[PDB]
Amino acid sequence: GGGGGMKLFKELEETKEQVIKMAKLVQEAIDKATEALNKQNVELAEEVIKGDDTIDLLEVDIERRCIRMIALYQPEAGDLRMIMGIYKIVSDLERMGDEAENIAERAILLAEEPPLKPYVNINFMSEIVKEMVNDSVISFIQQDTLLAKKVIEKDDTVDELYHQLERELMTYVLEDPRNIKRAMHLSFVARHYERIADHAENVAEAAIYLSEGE
Amino acid sequence: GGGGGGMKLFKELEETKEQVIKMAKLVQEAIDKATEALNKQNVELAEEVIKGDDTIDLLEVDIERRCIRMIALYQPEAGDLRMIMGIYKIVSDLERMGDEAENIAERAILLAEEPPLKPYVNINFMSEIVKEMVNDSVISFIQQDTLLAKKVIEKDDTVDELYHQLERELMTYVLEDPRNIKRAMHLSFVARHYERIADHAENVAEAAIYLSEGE
């Protein structure tokens, strides 16, 4: 190799740092989004809606870093794979953040009214999903198949849990159509948790590609 | 002063761009069949959309593996490397559109086992726009047409607006006889998928802007 070959190294270990940061900010979104939604708390919602902008540039900035690294250093097979993969996931991660930002909106909408039901399921879902966000992005940065496979296993649960939700609400709507307004908002929410999870699972799918690459 | 890598990278990039187009045809074809299967309560048509989604899946990989090939072998500079990464990004949005139409098709099955519940003028105006959004977004990409990409970005607000019309129309159905609760919700999801397909369409046009703004 040549002199500045270890530049690509530093540049890449940093870019990775940033992915991890961006994911810290995603879990923070979901966590805030769930509190707001739960305890009918708008300060917590507007917080989450402001903070998404951060996550937005984080996509831009990590993407731009990838191109740079490829343009400047000409990374070999392994690096180039690590990089294009980063390039993919930073998008999924941005989508999770946007999904949470959506739960944040809804929670505002659900605040000008009594809950209509304990949010127990939304909650079990919420908890599984953050675990999924984290574990998925860990298993990527460090080539952990087993951990990626677990994340992929958990998704069938979120799916399964989502369906529980679809049906409980059917019964709420059916017992008093007034309830139609909350039911629906609480439907979306569940759909958003389910989208965040599906995404999580991509990161993991990616993590395998990478790990299978060795 | 030469270098035979130039000419190869050119063919490879054009052949890939061609692949991307193949892929958007199939997505348009998907949305199209799925709307027929939805409307005409036709499961033959739906199971088609559903097997046909696999073709689109492999095209994502196909093109993605193309992009890495092209970078590794030819060490492409500025404009080229940019179109490639960009191809890489949008071959995905496009796979997501096909995924959403596949979902429309799954619901069409489900909706077949019962009367309509309503004509579906809305869902129809929606996909008709959406389908044209898929095309234009991917045209605008291949030839960096900013003005055409921005036309796409506008239409999206229409889908957005059209989507909302639809959830209120349904609210009224559920409200009139909760039996309708099952058809209503299925039609609810469908109306969301159309809106997701449009929102992806709109990413591609954003991308098309990245490329264009660049040259």
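Residues numbered from 1 in each chain as written, not as in the entry; some residues may be left out. Chains lettered and ligands numbered in written order. Heavy atoms only, no water.

If you check the header, you'll see the entry was determined by X-ray crystallography and the resolution is listed as 2.9 Å.

Caption draft 1: Structural view of the pattern of salt bridges. With the rule as written, the count across this model stands at 28 salt bridges over all chains. Here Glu48(B) and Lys33(B) are joined by a salt bridge, their closest N and O atoms 2.7 Å apart. Of this pair, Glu48(B) sits in helix α2 (residues 43-51) while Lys33(B) sits in helix α1 (residues 5-39), placing them 15 residues apart in sequence. Taking the relative accessible area as the measure of exposure, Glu48(B) reaches 28% and is therefore partly exposed. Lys33(B) gets classed as partly exposed once you look at its relative accessible area, which sits at 22%. Within the structure, one salt-bridge network assembled from shared partners comprises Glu28(A), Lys32(A) and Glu47(A). (Salt bridge = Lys/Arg side-chain N within 4 Å of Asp/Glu carboxyl O. Helix = DSSP H or I, 4+ residues; strand = E, 2+ residues; numbered from the N terminus. Buried < 20%, exposed > 50% of the residue type's maximum accessible area, 1.4 Å probe, protein only.)

Caption draft 2: Up close: the domain arrangement of chain A. Residue and element names in this part refer to chain A. Segmentation of chain A into domains returns domain 1 (1-115) and domain 2 (116-214). Taking only C-alpha atoms into account, the centre of domain 1 sits 18 Å from that of domain 2. With 31 residues of domain 1 in contact, the opposing surface of domain 2 contributes 34 residues. Buried surface at the junction of domain 1 and domain 2, summed over both partners, amounts to about 3,000 Å²; 69% is from carbon and sulfur atoms. Taken as a group, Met96, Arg106 and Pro115 account for 20% of the area that domain 1 buries against domain 2, more than any other trio of residues on that side. For the pair domain 1 and domain 2, the number of links is 2 salt bridges. Close ionic contact of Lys130 with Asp31 constitutes a salt bridge, the shortest N to O distance being 2.7 Å. Linking domain 1 with domain 2 are 12 residue pairs in polar contact. Of all elements in the fold, only α1 (5-38) and α3 (77-111) reach the threshold of two or more residues within the side of domain 1 that touches domain 2. (Domains from an automatic or database assignment. Contact = heavy atoms within 4.5 Å. Buried area = accessible area lost by both parts, 1.4 Å probe. Polar contact = N/O pair within 3.5 Å; in protein donor to acceptor, adjacent residues only side chain to side chain.)

Caption draft 3: The arrangement of the packing of aromatic side chains in detail. Applying the stated criterion across every chain, the model contains 2 aromatic pairs over all chains. Plain terms: the ring middles of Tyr162(A) and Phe189(B) are 6.3 Å apart, the flat faces sit at 75° to each other, and that makes the pair edge-to-face. With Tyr162(A) in helix α5 (residues 145-175) and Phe189(B) in helix α7 (residues 181-214), this pair bridges two chains. Of note, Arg191(A) hangs over the ring of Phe189(B), and the distance from its end group to the ring centre comes to 3.7 Å. (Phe/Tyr/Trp six-rings, centres within 6.5 Å; stacked < 30°, edge-to-face > 60°. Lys NZ or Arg CZ within 6 Å of the ring centre and 35° of its normal.)

Caption draft 4: Representation of the nonpolar core. Core analysis: the largest hydrophobic core is formed by 143 residues, its most contacted members being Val19(A), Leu37(A), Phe140(A), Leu38(B), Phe141(B) and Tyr194(B). Here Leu37(A) is in contact with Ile103(A), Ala107(A), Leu110(A), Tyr119(A), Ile122(A), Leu186(A), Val189(A) and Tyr193(A), once residues within four sequence places are set aside. (Core = buried A, V, L, I, M, F, W, Y, C linked by side-chain atoms within 4.5 Å.)

Caption draft 5: Here's a closer look at the interface of chain B and chain A. The interface of chain B with chain A comprises 27 residues on the first partner and 25 residues on the second. For the pair chain B and chain A, the summed buried area comes to about 2,500 Å², and 67% of that belongs to carbon and sulfur atoms. Counting every contact that joins chain B to chain A gives 5 salt bridges. Here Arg196(B) and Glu99(A) are joined by a salt bridge, their closest N and O atoms 2.7 Å apart. The interface formed by chain B and chain A includes 6 residue pairs in polar contact. Classifying every residue of the side of chain B that touches chain A gives 15 nonpolar, 3 polar and 9 charged. (Nonpolar A, V, L, I, M, F, W, Y, C, P; charged D, E, K, R; others polar.)

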